[PDB]
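The chain that follows stands alone, in the form deposited in one PDB entry, written as structure tokens.
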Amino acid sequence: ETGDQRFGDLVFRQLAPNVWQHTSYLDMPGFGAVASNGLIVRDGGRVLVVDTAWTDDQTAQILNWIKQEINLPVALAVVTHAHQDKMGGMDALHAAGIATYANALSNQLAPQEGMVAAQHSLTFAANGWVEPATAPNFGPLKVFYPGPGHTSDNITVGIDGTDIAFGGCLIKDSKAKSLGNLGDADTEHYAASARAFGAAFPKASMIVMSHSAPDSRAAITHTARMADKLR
């Protein structure tokens, strides 16, 4: 779509004055090329990243795009669970000197999932909000653990000062006919987790997700409606 920029294999789209979506693609062999989206946030004199790309090389291209187009240091990255689309590029972040954060559970599961763990672990209260001492200096990033759904470790992030919340792989677009890859899913708690994400970011009107283009809040309720049928 017009307005989008390509750098290498990555596509970028501005969502807000200080927010961009990054999109990377993995070619399952002779199968569907599969898109995955993350976010880039300009916070004053620094940049914050949400999710790697599928690969280290694709991840370096994110970082090089930021250097060329924004020209501010990346202070940290938060990754949203231990699958290849979200943590495939951790080695690239580390090679670049970025501090990395993930749900403690993501870091614990990372080895079995064939992912490199992030450096630092987020933990969460019973109400789902990140324990702030584990997410120091996150600026406008508000990190919320909605409960198990796409995976037991899936986390979400709202961007304060914008209309944007990022549901990662938990949320599907409002015309989706399935819930995608359920290989690590919790089918019993999924619906409640989708709804909890909506409740955490009641003011968000643009919902960004890993595997569809940004949607309205309709994505949340539609996802929950699908998930209701798993139980």
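Residues that one form lacks are left out of the comparison. For every residue, the number given is its place in the sequence shown, counted from 1. Here the rigid core means the biggest group of C-alpha atoms that line up within 1.5 Å when the two forms are laid on top of each other.
Another form exists, deposited in another entry; not displayed. Remarks below refer to it.
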Fit the core first: which of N64, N181, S174, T187 then shifts its CA by 2 Å or more between the shown form and the other one?
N181
Rigid core fitted, then: does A199 show a CA shift of 2 angstroms or greater between the shown form and the other one?
no
Flagged pair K172/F31: C-alpha distance shifts by 3 angstroms or more in the other form. Which direction, closer or farther?
closer
Out of closer and farther, which fits the Cα atoms of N181 and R6 in the other form compared with this form, where the change is 3 Å or more?
farther
With the two forms aligned on the rigid core, where do runs of 3 or more residues move by 2 angstroms or more at the CA atoms between the shown form and the other one?
28-31, 180-184
